[PDB]
Amino acid sequence: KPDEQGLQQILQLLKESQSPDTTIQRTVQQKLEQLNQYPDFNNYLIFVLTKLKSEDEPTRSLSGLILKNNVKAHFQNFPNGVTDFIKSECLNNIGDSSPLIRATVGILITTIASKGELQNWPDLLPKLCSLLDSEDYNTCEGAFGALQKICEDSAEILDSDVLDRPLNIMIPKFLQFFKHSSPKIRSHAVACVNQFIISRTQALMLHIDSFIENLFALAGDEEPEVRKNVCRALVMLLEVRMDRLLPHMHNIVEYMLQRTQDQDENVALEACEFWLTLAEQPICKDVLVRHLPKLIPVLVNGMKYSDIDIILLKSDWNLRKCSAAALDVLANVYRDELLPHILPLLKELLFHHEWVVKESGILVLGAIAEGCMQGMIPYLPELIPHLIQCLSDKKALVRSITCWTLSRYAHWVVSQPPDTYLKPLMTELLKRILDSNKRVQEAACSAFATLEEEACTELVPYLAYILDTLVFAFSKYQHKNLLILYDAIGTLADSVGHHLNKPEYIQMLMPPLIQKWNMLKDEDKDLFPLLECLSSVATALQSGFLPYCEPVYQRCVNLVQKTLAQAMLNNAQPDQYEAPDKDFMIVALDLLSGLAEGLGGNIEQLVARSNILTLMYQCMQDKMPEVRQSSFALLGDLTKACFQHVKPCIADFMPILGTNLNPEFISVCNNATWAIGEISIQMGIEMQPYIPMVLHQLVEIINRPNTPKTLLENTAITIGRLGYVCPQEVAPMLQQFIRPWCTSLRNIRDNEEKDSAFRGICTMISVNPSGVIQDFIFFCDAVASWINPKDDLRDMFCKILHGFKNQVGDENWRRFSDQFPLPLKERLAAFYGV
């Protein structure tokens, strides 16, 4: 309602913000927001745009575009009378004769809705839909455009019961406009409906046939925007309403196949999406088949680089990306049955004199690798050495997929005599790691990481050569690539294992690894993949990590505390402080688990002068069953490594371990069971008070059906470990637990765990020689499994097998040992004197 020197001061203000130089431009925009606080300001802004026609379009339009930003911040500050003025004005001038003004009017309505949120503009929708029937094109198109953006922004909210259900009238209204005379209008009509396909709104699904009918009718439209939208709708219709789309499938795929090759970039990429979406559906294998001979070449043709990407090298989602993505997933559907259609193409492609073609051939070779692996094997003897040659190709992009494609037959390559395929590959991929092109480094280092996962121990003779080129990469690698190098190094250690543990190698690897460790802030986003990397390296280097373990330990304990303190605050600050990422805790716990597991005794010094056990106790209670899981593992690891610092806590830990002995959480319970077992052996006779709390559950878990064998095995190991240090509490149970205990431990190898467990069964039997006599047939089979028992544990088995044959007689035992296989009977007779 304003005037008039102020209007002139705003007009001059609008003028100045359009000036040539940036000096005057970005000093006036200050005054534009010092008035911004006064809500009366916006009344001028809307006026200039919509009423003050005595001014040029650029000025007026800017005014509304200034007003837009005044909504995108302190709209909560917008008074009711001001908003009601803008709403009113915008909704009237919606179809202004001017293009730019109308565009400005539009975007203003949109933003007021999105922030309005949204029952706060009740008239909006029914008034827009009304203007859809307006006789003027401009008002109608402008209304339709506004509606489309409202759908795009607020589909789930229009669909939601929050604004009632306005779609129950918008949808069947939109469908009628599919028939409209204007190419632009039809476009909007379908674009709007498309939003409510996946969300499968009933307002639409109960008009599916009407929709599909209309959709078919628009398939042949010559305006690209319509065809784009029709395609998007059909693709989407795939996931949701296969039922009604089925008895058209062949017509559809003939349309889509044609439409994949459409002249318009956008239509093509949308149509191509159809093939990716279809592949995922069960009713695919038996539908496409007859189309593969025409689909495959079209798909392979799209996989070539676009002139644009070529120049932008030597986006997230190309035709080529989608085209290959589809091919990969198809190769998985059709397996070797796909080869006939692809194989004769590769012939012509992999040797083609234009590099852009060759590249795509190489990319094809890679995509089909998973599903067609078995059928490709006869050609790999020619193909593998050919690609190894291509790595030396002058075009960088030809080198890069070659790395990736080779990485995708990395399993077959190791399945051969190492000098013939693996060794050449290895050497060449190593040179490519230090390629001068970033894209090729990314590729080769990646591929090599992949290769290492498949090689493991087959790299051992090449270690000195791997490391040499791997550490040099440090003083070359950017960041995107550096991150992959951490992976390359991590995997290397994960492959060779203790083979890396040599003075010479540590001299090269650790210094620049610990150098990068230093210049990482606790907040730096590189710790993420570097903890994973040093976690691996520590494990492999075992005790040899000692001189470098100082800082990695303390920085981890920090993280564990950081995350817990973070979490605590979040329990009362879900407005102030943010929920922490608990995966950082989990890696730190695991890295700590591995430092204790690899440095054994030596960790004591670091465990002592830290709150490691405090935090650990807090971690064993965290709501997330991954944290409790990882931290129970650390408990066992610390019990084993330096029990001296743990002991003054066994009072607190045992209860939590007791209440955390729940089989529904497998990994959690496993590590809980395992911790207990590890503790009892260290506690000796002092472990007595804690027996009854955990024992009754462990016997229930061991006599439980459908239990992962490793949890069952660990329980059997743990139970035995208690009845070795405190046999008086565990031995009176033998009857109920002897059956699955023997059934479990007969399959585990003759390792320290097995000995510890059987030493304990023997002790329990010596004290309770009654519980076993009922099911002694199992005790034989459990003892029969031993290939290499220890001198004394031998004598322990005799004492039992003998004295408990003497307790039954010579003729009873004969009859007892009938059900014995030749390996078993002849074994117990050869080992223990029958």
# chains A, B, ... in the order shown; residues from 1 in each chain; ligands from 1
$ residues_around --residues "residue 150 (chain A)" --least-positions-apart "6" --cutoff "8 Å" --atoms "only C-alpha atoms" --output "compact mmCIF listing (two decimals) with N, CA and C atoms, in the first residue's frame"
# COMPACT_ATOMS: atom_id res chain seq x y z
N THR A 110 6.03 -20.86 -6.17
CA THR A 110 6.76 -22.07 -5.81
C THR A 110 7.43 -21.97 -4.44
N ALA A 113 5.27 -21.70 -1.43
CA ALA A 113 4.65 -22.98 -1.10
C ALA A 113 5.65 -23.87 -0.36
N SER A 114 6.81 -24.12 -0.96
CA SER A 114 7.83 -24.99 -0.36
C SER A 114 8.17 -24.60 1.09
$ residues_around --residues "region 361-378 of chain A" --least-positions-apart "3" --cutoff "7 Å" --atoms "only C-alpha atoms" --output "ChimeraX atom specification"
/A:324,327-328,331-332,335-336,346,349-350,357-358,381,401-402,405,408-409
$ residues_around --residues "region 807-817 of chain A" --least-positions-apart "3" --cutoff "12 Å" --atoms "only C-alpha atoms" --output "number ranges by chain"
A: 769-770, 773, 775-778, 780-781, 799-804, 820-822, 824-829, 834
$ write_last_selection --atoms "C-alpha atoms" --output "mmCIF file, in the first residue's frame"
data_model
loop_
_atom_site.group_PDB
_atom_site.id
_atom_site.type_symbol
_atom_site.label_atom_id
_atom_site.label_comp_id
_atom_site.auth_asym_id
_atom_site.auth_seq_id
_atom_site.Cartn_x
_atom_site.Cartn_y
_atom_site.Cartn_z
ATOM 1 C CA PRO A 769 32.860 -89.371 36.702
ATOM 2 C CA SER A 770 29.099 -90.006 36.484
ATOM 3 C CA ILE A 773 29.171 -92.597 31.665
ATOM 4 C CA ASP A 775 26.988 -90.561 26.965
ATOM 5 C CA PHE A 776 30.540 -91.930 26.835
ATOM 6 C CA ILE A 777 30.188 -92.914 23.157
ATOM 7 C CA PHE A 778 30.506 -89.192 22.382
ATOM 8 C CA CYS A 780 35.333 -91.371 22.447
ATOM 9 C CA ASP A 781 34.436 -89.640 19.190
ATOM 10 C CA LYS A 799 43.164 -92.595 32.500
ATOM 11 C CA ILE A 800 39.555 -92.044 31.387
ATOM 12 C CA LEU A 801 39.214 -94.482 28.442
ATOM 13 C CA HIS A 802 41.041 -97.114 30.541
ATOM 14 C CA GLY A 803 39.684 -96.645 34.070
ATOM 15 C CA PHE A 804 36.156 -96.320 32.663
ATOM 16 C CA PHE A 820 33.182 -97.539 15.686
ATOM 17 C CA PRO A 821 34.365 -96.833 12.107
ATOM 18 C CA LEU A 822 37.693 -98.356 10.997
ATOM 19 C CA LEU A 824 37.975 -94.515 14.877
ATOM 20 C CA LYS A 825 38.210 -97.984 16.467
ATOM 21 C CA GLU A 826 41.700 -98.569 15.073
ATOM 22 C CA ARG A 827 42.647 -95.089 16.276
ATOM 23 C CA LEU A 828 41.567 -95.381 19.918
ATOM 24 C CA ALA A 829 43.255 -98.805 20.010
ATOM 25 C CA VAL A 834 41.890 -99.385 23.321
#
$ residues_around --residues "residue 451 (chain A)" --least-positions-apart "4" --cutoff "9 Å" --atoms "only C-alpha atoms" --output "CSV table (one decimal) with C-alpha atoms, in the first residue's frame"
chain,number,residue,atom,x,y,z
A,406,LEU,CA,41.8,-57.0,-16.2
A,407,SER,CA,40.8,-56.6,-12.5
A,408,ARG,CA,37.6,-58.2,-13.4
A,410,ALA,CA,41.6,-61.3,-11.7
A,411,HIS,CA,40.3,-64.7,-10.4
A,414,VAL,CA,45.5,-66.4,-10.3
A,426,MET,CA,51.6,-57.6,-11.9
A,446,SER,CA,42.3,-49.9,-7.8
A,447,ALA,CA,42.9,-52.9,-10.1
A,455,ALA,CA,46.5,-63.3,-5.0
A,456,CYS,CA,47.3,-63.5,-1.2
$ residues_around --residues "residue 241 (chain A)" --least-positions-apart "2" --cutoff "12 Å" --atoms "only C-alpha atoms" --output "compact mmCIF listing (two decimals) with N, CA and C atoms, in the first residue's frame"
# COMPACT_ATOMS: atom_id res chain seq x y z
N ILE A 197 3.70 -42.18 -9.16
CA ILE A 197 3.75 -43.53 -9.70
C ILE A 197 4.41 -44.48 -8.71
N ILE A 198 5.62 -44.15 -8.26
CA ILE A 198 6.36 -45.00 -7.32
C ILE A 198 5.64 -45.04 -5.98
N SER A 199 5.23 -43.86 -5.52
CA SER A 199 4.45 -43.73 -4.30
C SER A 199 3.08 -44.40 -4.45
N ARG A 200 2.81 -44.89 -5.67
CA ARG A 200 1.60 -45.66 -6.01
C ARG A 200 0.33 -45.16 -5.32
N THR A 201 0.08 -43.86 -5.44
CA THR A 201 -1.08 -43.23 -4.81
C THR A 201 -2.35 -43.80 -5.43
N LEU A 204 -4.19 -42.40 -8.36
CA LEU A 204 -3.69 -42.75 -9.69
C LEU A 204 -3.88 -44.22 -10.03
N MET A 205 -3.57 -45.11 -9.09
CA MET A 205 -3.57 -46.56 -9.33
C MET A 205 -4.93 -47.10 -9.71
N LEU A 206 -5.98 -46.45 -9.20
CA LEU A 206 -7.35 -46.78 -9.57
C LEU A 206 -7.74 -46.14 -10.90
N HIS A 207 -6.79 -45.48 -11.54
CA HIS A 207 -6.96 -44.95 -12.89
C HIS A 207 -5.80 -45.36 -13.80
N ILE A 208 -5.15 -46.46 -13.43
CA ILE A 208 -3.95 -46.96 -14.12
C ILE A 208 -4.18 -47.20 -15.61
N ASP A 209 -5.33 -47.80 -15.93
CA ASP A 209 -5.66 -48.14 -17.30
C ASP A 209 -5.90 -46.89 -18.13
N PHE A 211 -4.58 -44.07 -17.40
CA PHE A 211 -3.24 -43.49 -17.48
C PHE A 211 -2.42 -44.13 -18.59
N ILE A 212 -2.31 -45.45 -18.58
CA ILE A 212 -1.53 -46.20 -19.57
C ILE A 212 -2.05 -45.94 -20.99
N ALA A 233 7.71 -42.41 -17.29
CA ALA A 233 6.50 -43.00 -16.73
C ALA A 233 6.46 -44.51 -16.93
N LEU A 234 6.80 -44.96 -18.13
CA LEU A 234 6.81 -46.39 -18.42
C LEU A 234 7.88 -47.12 -17.61
N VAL A 235 9.08 -46.54 -17.55
CA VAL A 235 10.16 -47.10 -16.73
C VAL A 235 9.67 -47.28 -15.31
N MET A 236 9.08 -46.23 -14.76
CA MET A 236 8.61 -46.25 -13.39
C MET A 236 7.49 -47.25 -13.22
N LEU A 237 6.56 -47.25 -14.17
CA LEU A 237 5.44 -48.19 -14.17
C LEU A 237 5.93 -49.63 -14.03
N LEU A 238 7.16 -49.88 -14.48
CA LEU A 238 7.78 -51.20 -14.36
C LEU A 238 7.88 -51.71 -12.93
N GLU A 239 8.49 -50.91 -12.06
CA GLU A 239 8.68 -51.33 -10.68
C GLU A 239 7.35 -51.60 -9.98
N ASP A 243 1.76 -55.86 -13.58
CA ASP A 243 0.53 -56.58 -13.93
C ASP A 243 -0.20 -56.04 -15.16
N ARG A 244 -0.43 -54.72 -15.18
CA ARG A 244 -1.16 -54.06 -16.27
C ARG A 244 -0.28 -53.73 -17.47
N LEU A 245 1.03 -53.78 -17.26
CA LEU A 245 2.00 -53.43 -18.29
C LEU A 245 2.43 -54.66 -19.09
N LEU A 246 2.24 -55.83 -18.50
CA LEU A 246 2.68 -57.12 -19.06
C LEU A 246 2.18 -57.42 -20.50
N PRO A 247 0.85 -57.44 -20.73
CA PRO A 247 0.37 -57.78 -22.07
C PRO A 247 0.52 -56.63 -23.08
N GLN A 281 13.74 -57.26 -12.75
CA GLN A 281 12.45 -57.94 -12.60
C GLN A 281 12.56 -59.43 -12.92
$ residues_around --residues "region 534-536 of chain A" --least-positions-apart "6" --cutoff "7 Å" --atoms "only C-alpha atoms" --output "list in words"
residues 490, 493, 494, 591 and 594 of chain A
$ residues_around --residues "residue 88 (chain A)" --least-positions-apart "4" --cutoff "12 Å" --atoms "only C-alpha atoms" --output "ChimeraX atom specification"
/A:46-47,50,80-84,92-94,105,108-109,112,121,123-124,127
$ select_by_dssp --residues "region 329-481 of chain A" --states "alpha helix (DSSP H)" --output "ChimeraX atom specification"
/A:329-334,339-349,355-367,373-376,380-390,396-407,410-414,422-433,438-455,463-472,480-481
$ closest_residue --among "A:711, A:650, A:384, A:257" --to "residue 671 (chain A)" --atoms "only C-alpha atoms"
A:711
$ atom_distance --atom1 "CA of residue 122 (chain A)" --atom2 "CA of residue 62 (chain A)"
27.6 Å
$ atom_distance --atom1 "CA of residue 355 (chain A)" --atom2 "CA of residue 388 (chain A)"
16.0 Å
$ decode --residues "region 206-224 of chain A" --atoms "C-alpha atoms" --output "PDB file, in the first residue's frame"
ATOM      1  CA  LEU A 206      -7.349 -46.781  -9.569  1.00  0.00           C
ATOM      2  CA  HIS A 207      -6.964 -44.952 -12.895  1.00  0.00           C
ATOM      3  CA  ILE A 208      -3.952 -46.963 -14.118  1.00  0.00           C
ATOM      4  CA  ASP A 209      -5.663 -48.142 -17.304  1.00  0.00           C
ATOM      5  CA  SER A 210      -6.834 -44.634 -18.125  1.00  0.00           C
ATOM      6  CA  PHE A 211      -3.236 -43.489 -17.478  1.00  0.00           C
ATOM      7  CA  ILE A 212      -1.527 -46.195 -19.568  1.00  0.00           C
ATOM      8  CA  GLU A 213      -4.046 -45.660 -22.418  1.00  0.00           C
ATOM      9  CA  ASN A 214      -3.230 -41.916 -22.465  1.00  0.00           C
ATOM     10  CA  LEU A 215       0.469 -42.745 -22.127  1.00  0.00           C
ATOM     11  CA  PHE A 216       0.403 -45.034 -25.175  1.00  0.00           C
ATOM     12  CA  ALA A 217      -1.424 -42.301 -27.131  1.00  0.00           C
ATOM     13  CA  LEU A 218       1.443 -39.856 -26.450  1.00  0.00           C
ATOM     14  CA  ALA A 219       4.289 -42.266 -27.290  1.00  0.00           C
ATOM     15  CA  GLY A 220       4.463 -41.048 -30.914  1.00  0.00           C
ATOM     16  CA  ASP A 221       4.560 -37.336 -29.990  1.00  0.00           C
ATOM     17  CA  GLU A 222       7.229 -35.355 -31.872  1.00  0.00           C
ATOM     18  CA  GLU A 223       8.101 -32.913 -29.044  1.00  0.00           C
ATOM     19  CA  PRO A 224      11.049 -34.480 -27.106  1.00  0.00           C
TER      20      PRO A 224
END
